[PDB]
Amino acid sequence: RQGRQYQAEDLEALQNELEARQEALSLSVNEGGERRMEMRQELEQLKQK
Amino acid sequence: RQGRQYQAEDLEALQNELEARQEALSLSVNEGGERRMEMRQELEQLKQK
Amino acid sequence: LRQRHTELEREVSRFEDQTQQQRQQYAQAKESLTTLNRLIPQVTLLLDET
Amino acid sequence: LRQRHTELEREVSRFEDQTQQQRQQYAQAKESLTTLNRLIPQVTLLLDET
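Residues numbered from 1 in each chain as written, not as in the entry; some residues may be left out. Chains lettered and ligands numbered in written order. Part of a larger assembly, values for the part shown. Heavy atoms only, no water.

Judging from the entry metadata, cryo-EM is the method by which this structure was determined, and 9.1 Å is the reported resolution.

Right under this line is the structure:
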């Protein structure tokens, strides 16, 4: 389903990296969200201008 | 820890309940965090105004 | 705009409080799921209360 | 300022594309991690390839 043959012998390391990728989800979504809305507020300043 | 006995003999069904909670965790924190953040930027605007 | 700051600070406090409580109860529930599927992911079948 | 709007619209598009792509990719990663931590959370060690 994920991979074709994916280190079935010892897969805990992948669980840890996927947890790190879930931290990356939270970082990326919050950064993209705050930055896009802050630049949208810059757009509003520009619109009023 | 959660519950007092709470069907520990065969607790599989509770994991499925906790999954709905886990999904809602992400929604509830993602939206809440974004709302306060939107107002943090608005506060800075209001501050800048 | 200072009045707006105040209501904004009230609303920020409400979201910070709500998110804090919500993340605490939901994280405790998530940690419970992890303890269940780490300590007892059908491992109770190996135990079998024999 | 209309030049700024144009470049800002390009940037809004990039943030929307990036935020979508990462949320989907990491959500499928979450779905894969949850299947692993449900079905085989160290159950492979119980098996031990014995």
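Still more to cover.
A.B. asks: Can you lay out the overall build of chain C for me, pointing to particular residues and giving the numbers?
C.D. replies: If you tally the helices and strands in chain C, you get two helices and zero strands. In terms of overall size, chain C is more extended than a compact globule, its C-alpha atoms giving a radius of gyration of 21 Å where 50 residues would be expected to give roughly 10 Å. Projected onto its principal axes, the C-alpha positions of chain C cover 70 × 10 × 10 Å. Within chain C, buried positions represent 26% of all 50 residues. As displayed, chain C offers around 3800 Å² of accessible surface, 51% of which is attributable to carbon and sulfur atoms. Charge centroids of chain C, computed over 7 positive and 8 negative side chains, lie 11 Å from each other. (Helix = DSSP H or I, 4+ residues; strand = E, 2+ residues; numbered from the N terminus. Rg over C-alpha atoms; globule rule 2.2 N^0.38 Å. Buried < 20%, exposed > 50% of the residue type's maximum accessible area, 1.4 Å probe, protein only. Areas by Shrake-Rupley, 256 points an atom, 1.4 Å probe, with all protein chains shown as cover. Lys, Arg positive; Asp, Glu negative; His and termini not counted. Charge placed at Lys NZ, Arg CZ, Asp CG, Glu CD.)

A.B. asks: Before we move on, can you summarise the packing of aromatic side chains with the specific residues and values?
C.D. replies: Inspection of every chain in the model, using the stated rule, returns zero aromatic pairs over all chains. A cation over a ring is seen here: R21 of chain B above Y26 of chain C, with NZ or CZ 4.3 Å from the ring centre. (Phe/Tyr/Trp six-rings, centres within 6.5 Å; stacked < 30°, edge-to-face > 60°. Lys NZ or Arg CZ within 6 Å of the ring centre and 35° of its normal.)

A.B. asks: Requested: an account of the pattern of salt bridges, with residues and values cited.
C.D. replies: On inspection of all chains with the given rule, the structure shows 11 salt bridges over all chains. In this structure, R40 of chain A engages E16 of chain D in a salt bridge whose closest nitrogen and oxygen atoms are separated by 3.0 Å. Placement of the pair is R40 of chain A in helix 1 (residues 12-48) and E16 of chain D in helix 1 (residues 2-39), with the two residues belonging to separate chains. Classification of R40 of chain A by relative accessible area gives partly exposed; the value is 29%. Note that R14 of chain D and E11 of chain D form a salt bridge whose closest N and O atoms lie 2.8 Å from each other. Pair noted here: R14 of chain D and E11 of chain D are both in helix 1, with a separation of three residues, about one helical turn. You can call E11 of chain D partly exposed: its relative accessible area is 30%. (Salt bridge = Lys/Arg side-chain N within 4 Å of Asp/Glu carboxyl O.)

A.B. asks: Requested: an account of the interface of chain D and chain A, with residues and values cited.
C.D. replies: Of the residues lining the interface, 25 residues belong to chain D; the matching set on chain A comes to 25 residues. The interface formed by chain D and chain A holds two salt bridges in total. Applying the counting rule to chain D against chain A returns seven residue pairs in polar contact. Per element, the largest residue contribution to the side of chain D that touches chain A is 21 residues, and it comes from helix 1 of chain D. Of the residues assigned to the side of chain D that touches chain A, the class counts are 10 nonpolar, nine polar and six charged. (Contact = heavy atoms within 4.5 Å. Polar contact = N/O pair within 3.5 Å; in protein donor to acceptor, adjacent residues only side chain to side chain. Nonpolar A, V, L, I, M, F, W, Y, C, P; charged D, E, K, R; others polar.)

A.B. asks: Before we move on, can you summarise unusual backbone geometry with the specific residues and values?
C.D. replies: One non-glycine residue, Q7 of chain B, lies in the positive phi region at around 50°. Among the structural elements, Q7 of chain B can be located in the segment before helix 1 (12-48). A positive phi angle is found at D48 of chain C, which is not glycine, with a value near 55°. With respect to the helices, strands and loops of the structure, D48 of chain C is situated in the segment after helix 2 (44-47).

A.B. asks: With reference to specific residues and values, describe the packing of helix 1 of chain A against helix 1 of chain D.
C.D. replies: The geometry of helix 1 of chain A relative to helix 1 of chain D is characterised by a closest axis approach of 9 Å and an angle of 160° between their N-to-C directions. By the criterion of interaxial angle, the relationship of helix 1 of chain A to helix 1 of chain D is roughly antiparallel. The element helix 1 of chain A and its partner helix 1 of chain D pack so that their crossing is left-handed. Of the residues contributing to the contact of helix 1 of chain A with helix 1 of chain D, the split by class is 15 nonpolar, 11 polar and 12 charged. (Axes fitted to C-alpha atoms, helices over the stretch in contact; angles between N-to-C directions. Parallel < 35°, antiparallel > 145°, perpendicular 65-115°, else oblique. Left-handed = near helix turned anticlockwise from the far one by under 90°.)

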